[PDB]
2 protein chains.
Amino acid sequence: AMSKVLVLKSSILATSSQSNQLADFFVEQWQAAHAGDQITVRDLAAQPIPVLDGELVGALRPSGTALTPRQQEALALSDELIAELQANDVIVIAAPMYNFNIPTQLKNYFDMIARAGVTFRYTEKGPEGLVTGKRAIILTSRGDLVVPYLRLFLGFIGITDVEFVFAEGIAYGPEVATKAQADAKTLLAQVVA
Amino acid sequence: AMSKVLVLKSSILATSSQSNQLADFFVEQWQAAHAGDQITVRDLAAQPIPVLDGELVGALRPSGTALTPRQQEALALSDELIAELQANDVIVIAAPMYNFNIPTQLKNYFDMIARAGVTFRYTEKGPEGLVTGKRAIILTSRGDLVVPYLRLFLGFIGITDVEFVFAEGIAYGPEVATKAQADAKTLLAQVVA
Ligand SMILES: Cc1cc2nc3c(=O)[nH]c(=O)nc-3n(C[C@H](O)[C@H](O)[C@H](O)COP(=O)(O)O)c2cc1C
Ligand SMILES: Cc1cc2nc3c(=O)[nH]c(=O)nc-3n(C[C@H](O)[C@H](O)[C@H](O)COP(=O)(O)O)c2cc1C
Ligand SMILES: Cc1cc2nc3c(=O)[nH]c(=O)nc-3n(C[C@H](O)[C@H](O)[C@H](O)COP(=O)(O)O)c2cc1C
Ligand SMILES: Cc1cc2nc3c(=O)[nH]c(=O)nc-3n(C[C@H](O)[C@H](O)[C@H](O)COP(=O)(O)O)c2cc1C
């Protein structure tokens, strides 16, 4: 019981995903280096988060009105995702670049967790994040506005320890066995240690 | 028949939307200044575009396989949206900032229109955009990584004439009648003329 680690997968390419392969290598390496740690994984493609629309945005703010079933479900989901984030110490986010942005799968997660009065709040001296004491490790790809955006968003909710890892080709495609794993060990050595 | 104008709305706040109010003022002003022009409007919240997932990404690339009904529907939708874009000369995009990104409503549109071999293609000298001869006017808000992202994405598909307008408070909220409209006339004067 040294750290609780939450891994967020967002790729839409399932098991052939480069970033999912990297996330799995990360998990293996973390387990080996930190035997007592509790790792959990949320796959945002396998269990999609709904799109923030007019109906759902109303569910996420204080109202006091009766809510539709889908509103109730979104509010409960948001609460669950936020509790999950707060319960973990290390947040590993697999965020491949899709059309110069993050995957929508991850964006929908962000739109559920960014809630005023819950994960940030306004004070007399500006906004402050309420998700404190976290370490975030971002597994991404490069070719880049996604990186400063991730730093800004995570910072806004209180996460300033944000560490980016760029898959410089590791686990790209067809590869003799053992090779991607070894290359990933080299890549992830810094963040795992 | 001087220009064909396509307006894309993406706000989730419906008629109370600042950016929808601005888009409507834009339409009124454009109509007045360019009586012969054909304007059409696509509201990406009122008619949502599906999320790009594993199933839909497969529908958008050449395969030659049988496709699921939702894949067929996404391919047809993508084709329709792309034909619409190509058929218009002036593309007006209302893109308010939501959690430091564009609305998902607009992002899903982008994920349907960004297709290799259709709206861009690779050549021996790098990628080139295939949506040529367009003028894009972006109606947005400021507090900013959304702006360079929009320029990059639109540029990638071939649109280099990209003009940003920042609603410096215009049509924010409760307002005596006629005022937002007058302020919008001042704001939009440059892009309309
Ligand atoms: C729909 C789609 C869009 C993509 N867009 C970009 C892009 O804009 N820039 C880029 O460098 N790579 C892009 N890629 C490649 C991925 O970012 C690359 O595979 C990444 O390292 C891992 O993606 P994956 O984990 O989903 O396989 C795209 C891939 C897909 C499927
Ligand atoms: C003995 C041997 C067996 C290989 N078997 C495979 C294979 O089964 N499938 C595959 O995709 N690549 C295979 N490769 C290719 C490697 O995965 C890789 O593409 C290449 O050897 C890496 O060379 P590099 O480190 O200089 O980039 C094999 C390579 C060697 C030397
Ligand atoms: C869910 C949501 C998230 C928002 N996030 C931001 C933000 O990150 N930065 C900002 O300046 N304004 C933000 N806004 C305010 C809108 O960008 C502002 O109202 C914009 O000018 C027009 O939005 P609208 O057309 O949807 O009303 C947000 C509004 C909503 C509803
Ligand atoms: C005669 C008069 C009537 C107004 N009626 C309304 C109103 O019905 N509803 C409203 O929200 N604001 C109303 N306002 C306020 C204006 O919309 C606006 O908030 C303010 O007058 C703008 O002042 P400014 O240009 O210095 O910012 C009214 C203002 C005046 C002078």
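In what follows, every heavy atom counts, from backbone to side chain, and hydrogens, waters and symmetry copies are set aside. Just so it is clear: chains get the letters A, B, ... in the order the sequence lines come, proteins before strands, and each one is counted from 1. Atoms within each ligand, like the ligands themselves, are counted from 1 in listed order.
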**Asked** For B:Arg121, does the CZ atom have more than 12 heavy-atom neighbours from other residues, nucleotides or ligands under 6.0 Å away?
**Response** no
**Message:** Between A:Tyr149 and B:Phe100, does the ring pair (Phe, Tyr, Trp, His ring centres under 6.0 Å) criterion hold? Intermediate values first, please.
**Reply:** CA-CA 7 Å; A:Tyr149 154 70; B:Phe100 314 111; 7.6 Å; no
**N/O donor-acceptor pair under 3.5 Å between A:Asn20 side chain and A:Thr15 backbone** = no
**Request:** Compile the protein residues with any heavy atom at a distance under 4.0 Å from an atom of ligand 1; present them by chain, then by number.
**Result:** A:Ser11, A:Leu13, A:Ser17, A:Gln18, A:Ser19, A:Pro96, A:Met97, A:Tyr98, A:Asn99, A:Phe100, A:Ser141, B:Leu52
**Item:** Side-chain heavy atoms of A:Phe153 within contact of A:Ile157, under 4.5 Å
**Value:** yes
**Request:** Check the angle between the aromatic planes of B:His34 and B:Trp30 and answer parallel, tilted or perpendicular using the 30° and 60° thresholds.
**Result:** tilted
**Message:** Within the 4.0 Å heavy-atom shell around B:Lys179, which atoms of ligand 4 are there?
**Reply:**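 Ligand 4 atoms under the 4.0 Å threshold to B:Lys179: 22 (C), 25 (O).
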**Fill in**
So the atoms of ligand 4 within less than 4.0 Å of a heavy atom of B:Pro174 turn out to be 11 (O)
**Prompt:** Roughly how far apart are A:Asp111 CG and B:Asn99 CG, rounded to 0.5 Å?
**Reply:**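 Between A:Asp111 CG and B:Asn99 CG, I get 5.0 Å after rounding to 0.5 Å.
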**Message:** Whether B:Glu28 and B:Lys185 form a salt bridge (side-chain N of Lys/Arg under 4.0 Å from carboxylate O of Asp/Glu) is what I want to check.
**Reply:** no
